[PDB]
Every structure is written in C-alpha cells, then in structure tokens.
Amino acid sequence: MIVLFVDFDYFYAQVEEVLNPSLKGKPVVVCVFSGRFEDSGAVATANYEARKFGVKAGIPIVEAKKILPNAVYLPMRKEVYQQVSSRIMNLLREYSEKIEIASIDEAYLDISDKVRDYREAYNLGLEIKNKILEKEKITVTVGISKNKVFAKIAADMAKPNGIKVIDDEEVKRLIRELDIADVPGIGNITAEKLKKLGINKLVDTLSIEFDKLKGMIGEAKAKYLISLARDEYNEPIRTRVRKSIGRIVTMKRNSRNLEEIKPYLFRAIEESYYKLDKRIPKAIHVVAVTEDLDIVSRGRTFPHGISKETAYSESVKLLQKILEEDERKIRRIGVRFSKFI
DNA sequence: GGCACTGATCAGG
DNA sequence: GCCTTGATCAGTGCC
Ligand SMILES: Nc1ccn([C@H]2C[C@H](O)[C@@H](COP(=O)(O)OP(=O)(O)OP(=O)(O)O)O2)c(=O)n1
Ligand SMILES: [Ca+2]
Ligand SMILES: [Ca+2]
Ligand SMILES: [Ca+2]
C-alpha cells in the first residue's frame, strides 16, 4: 500500500499572506481574541518568521507580544480559511477517489492503484504540490510511505514546503530509532507514562509484557503501538463524517448565576444552529469550562431531531444540572450537538 | 462476559 | 482559544 499525506504549511497565516501579499517576509501571528480584556486570547498559528522566535500555537497573545511586539497580529478568519481549504481539497480529489480529509489542512490519499512504486509516488507528490501552488498559491508539505502513520511522520520531517518518502528500510530504522514521543497519538501524558516503563522506542513495546503496557496506557494505545513496532499497522483511508458541531463562548466574568449565563448560552445555541446548516441533531450537550479551566458537560439524547426551541429549553435544564453537581464558577459556556439524523 | 451508553480524559489541529 | 475532519477510558445498566 502507498499512502500520500498532504499538510498545508502554516495554514492560517499563509492564507492571510496570499490575501495580503505585503505580509510576505514579515512575522505574522493569527490570534483568537476572547474579549475578556484587551489582547486576551491565544495564538492559533504563526508563520515561520514569527515561530522562529518562539511564537507558537497555543501561547497567550500577551506572551507573543512580549517576544515580538512589532509583528503583525491578525484576528482569526476561520470561514475564509475553511473556504480556501475546501477548494484545495477539491483539487486533491482529482488524484484519488480514496481520500481521507483529516482536518482543515490535511488529507490522506491512497494512491496504491495510481502508482507502481515510490519513485512514481514522489513524482505525483511533486505534481500535487505544483498544482496547489498554481491554483491557490499555497505551499504544502507531502509525506509518502506504506501507511497513514508513517506518511504523517514523513511530512513532519520535511516541513515546511517539502516532500519526503519513508521506504520500507527507513520504516524499519524508525521503529528502532524514532523517539516514541514523536509517534502520532502519543501526547505528553502518555509519553511520560511510557518513559516510566522504560519504553523510549517503538521496538521496546515488543519486549515488555503486554498487560503491563495495557495497564499503564490502555488496551487501544498498547495494540496501536505494538502493531506499529511489528511493521503491521494498516488502517484504510476512510471518508470522515462530521459527528458533532458546537460553539463555546467566554463570558465577560466568571459566574454561577443562571440569568447571567443564559444570554451567552443562547448565543452559543444560535451560532451552533447556524453551523449545523441542514443537519438535525438528536443529542445536545451543554459544556462548561470552569474558572480553573476544567471541562464539565451534561447531555440529553432525544428519539427525534431537536428544534431550536427545544434546544433553548433543554439547554437551561442541562446547565442547571451542571450547577447542581459542580460548585466551581463557570468561565466559558457552550453547547455541542451530535447524533445527526 | 460483553454490548451500549455517559462524561471525563487525552490528543491534535 | 476554540474545535472535534475524535477516540478511548471507567463506571454503569442490561441481556
Ligand atoms: N493549537 C492549534 C494548532 C493549529 N490550529 C489551526 C491553525 C493552523 O494553521 C492549522 C493547522 O495546524 P498545523 O498544526 O498544521 O499548523 P500550521 O499548519 O499552522 O503549521 P505547520 O506548517 O507546522 O503545519 O490549525 C489552531 O487553531 N490551534
Ligand atoms: Ca499544517
Ligand atoms: Ca495539519
Ligand atoms: Ca508527541
């Protein structure tokens, strides 16, 4: 099997440069402002000119400005990026009907039936890069290997504006030498659990007793890692379907007052139904982010679709449930809908 | 024993 | 900050 993975470079910031080419060569930081005070919010992404100096996704805007006070700080325009992304995704469908759109800026193509070997695959990857550059003036990185996991590791290694193949021999090398923390799906908490077991490379998971592994990180991740170490991971490229759609808004001030919270909750419902478009959910969850930033949620599933009127009345009941069962003040409040008809 | 369902967790974009 | 193109866990009700 041959998998080609495409990952768009510094995507949000790059779209902003395409739309305003005077930004080219300047550090650009795309921000999500929460509106609680001035410059409250977090960085969504930054282009490489900013990232070079430590301005990275997730950090506080105030922290970014301490590092690069003269960078260009732009508000996130996700609707614009989403529309640009959709156009590029339509470009990719021309190269394979087996395509898995994995997020707003990534896709997997199964090109098993389009090329014979890694040489032809590399050439097709070049063709894809040039096409997206030609039509949308966006640069991407391409990773190619025998499965989705190594195709992604390949792209990680070639970023930015690159292309890389991980052939069968290199796959065997990585199983021995790749830092296990760098395997997709292994986050800090799991990486720490593993280190405490002495596992530092995929190969190590083959010699440890399975129940030990499973007891620490769970059955699913244990099997996942072992399948990879044995060079036996194969998951097909699958069409992804949206399963939940929601909106969460930050309140001006932390509160436990129902009447205070309601106007924000109802705004989240309005925006959520807008995003639902033609989908009709049978389930609704109210989702509260506490002051200490924990997340608490309560839901309700109906044997029928939920009208916006039913969303309003049920959401208040669920929020009350949350207030009844947790005593912390709420900082953000929202809803998420799912189980579409 | 194991399926179906919930809310919490961990992950990653 | 915000979103799920999320999956999996423990706890449970149930057959
Ligand atoms: N914590 C994060 C990470 C990413 N994103 C958004 C903005 C990114 O542009 C996009 C893609 O994520 P990458 O993780 O693919 O980021 P870039 O595409 O920004 O960087 P790179 O060139 O390393 O791929 O998703 C976000 O909102 N919040
Ligand atoms: Ca990217
Ligand atoms: Ca990405
Ligand atoms: Ca990691």
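Residue numbering restarts at 1 for every chain, and letters A, B, ... go by the order of the sequence lines. We use all heavy atoms of the structure for the numbers below, so side chains are in, but hydrogens, waters and symmetry mates are not.
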A:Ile104 atom CD1 is separated from C:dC3 atom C1', nearest whole Å, by 10 Å

note: A:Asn188, atom CG; B:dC10, atom P; distance rounded to Å ~ 11 Å

Given the options A:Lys308, A:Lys321, A:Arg300, A:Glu314 meets salt bridge (charged side-chain N to carboxylate O under 4.0 Å, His left out) only with A:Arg300

Within the 4.0 Å heavy-atom criterion, would you say A:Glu325 contacts the bases, only the backbone, or no part of the nucleic acid?
nothing

Classified by glycosidic angle (syn within 90° of 0, else anti), B:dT6 comes out anti

With a 4.0 Å cut-off on N to O distance, would you call A:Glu219 and A:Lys223 a salt bridge?
yes

Contacts of A:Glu291 meeting side chain to side chain contact (heavy atoms under 4.5 Å, CB included) (sequence neighbours excluded), chain-then-number -> A:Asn254, A:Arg328, A:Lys329

**Request:** Describe the nucleic acid contact of A:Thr250 in one word from base, sugar-phosphate, nothing, applying a heavy-atom distance below 4.0 Å.
**Result:** sugar-phosphate

note: A:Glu192, atom CD; B:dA11, atom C1'; distance rounded to Å ~ 17 Å

Across every strand shown, the nucleotide meeting Watson-Crick or G-U wobble geometry with C:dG13 (both distances under 3.5 Å) is B:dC3

query: With a non-hydrogen cut-off below 4.0 angstrom, is A:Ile101 in contact with a base, only sugar-phosphate, or nothing?
result: base

Atom CD1 of A:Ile189 and atom P of C:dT8 are separated, to the nearest Å, by 17 Å

Q: Remember a base hit wins even if backbone is also touched, and classify A:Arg247 as base, sugar-phosphate or nothing at under 4.0 Å, heavy atoms.
A: sugar-phosphate

Between A:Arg336 and C:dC3, does any side-chain N or O lie under 4.0 Å from OP1 or OP2?
no

| Base, sugar-phosphate, or nothing: which does A:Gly58 touch, judged by heavy atoms less than 4.0 Å apart? | base

message: Could you check whether the six-membered base rings of B:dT6 and B:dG7, which sit next to each other in the strand, have centres less than 5.5 Å apart and planes tilted by under 30 degrees?
response: yes

Would you classify A:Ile61 as touching base, sugar-phosphate or nothing, given that sugar-phosphate means primed atoms plus P, OP1 and OP2, and contacts are heavy atoms under 4.0 Å? nothing

In whole angstroms, the gap separating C1' of C:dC3 from NZ of A:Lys78 amounts to 6 Å

task: Please tell me if the side chains of A:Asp7 and A:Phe5 come closer than 4.5 Å, counting only heavy atoms from C-beta onward.
output: yes

Using the P atoms only, state how far C:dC3 lies from B:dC10, rounded to an integer number of Å.
22 Å

DNA chain C nearest-nucleotide lookup for A:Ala44 and A:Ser244: closer to the 5′ end is A:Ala44

Expected string for nucleotides 1-8 of chain B under the B/S/- scheme (protein heavy atoms, under 4.0 Å, primed atoms plus P, OP1, OP2 as sugar-phosphate) is -----SSS

Taking C:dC3, B:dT9, C:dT5 as options, the one with an atom nearest any side-chain atom of A:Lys243 is C:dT5

Separation of C:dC3 atom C1' from A:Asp105 atom CG, nearest Å, is 14 Å

### Task
Quick one: label A:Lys193 by what it contacts on the DNA or RNA (base, sugar-phosphate, nothing), any heavy atom closer than 4.0 Å.
nothing

Whole-Å distance, A:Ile245 CD1 to C:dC3 P, equals 11 Å

Result for 5'-nearest mapping on DNA chain C, choosing between A:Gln82 and A:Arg331, is A:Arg331

Query raised in the report: Base, sugar-phosphate alone, or nothing: which one does A:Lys152 contact when heavy atoms must sit under 4.0 Å apart?
Result: sugar-phosphate

### Task
Inspect the contact between A:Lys152 and A:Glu106 and indicate whether a charged nitrogen and a carboxylate oxygen are less than 4.0 angstrom apart.
yes

NZ/NE/NH1/NH2 to OD/OE distance under 4.0 Å, A:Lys114 and A:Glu120: no

Identify each atom pair where a protein N or O and an N or O of nucleotides 9-12 of chain C are less than 3.5 Å apart, giving names and distance.
| from | atom 1 | to | atom 2 | distance (Å) |
| --- | --- | --- | --- | --- |
| C:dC9 | OP1 | A:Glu219 | N | 3.0 |
| C:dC9 | OP1 | A:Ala220 | N | 2.8 |

Exercise for the section: Give me the ring orientation class for A:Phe266 and A:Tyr312: parallel if the planes are under 30° apart, tilted from 30 to 60°, perpendicular past 60°. Expected result: tilted

Quiz item: Would you call A:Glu327 and A:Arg256 a salt bridge, taking side-chain N to carboxylate O under 4.0 Å as the test?
Solution: no

Atom OH of A:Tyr224 and atom P of C:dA7 are separated, to the nearest Å, by 13 Å

Worksheet item: Is a salt bridge present between A:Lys262 and A:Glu259, judged by a nitrogen-to-oxygen distance below 4.0 Å?
Response: yes

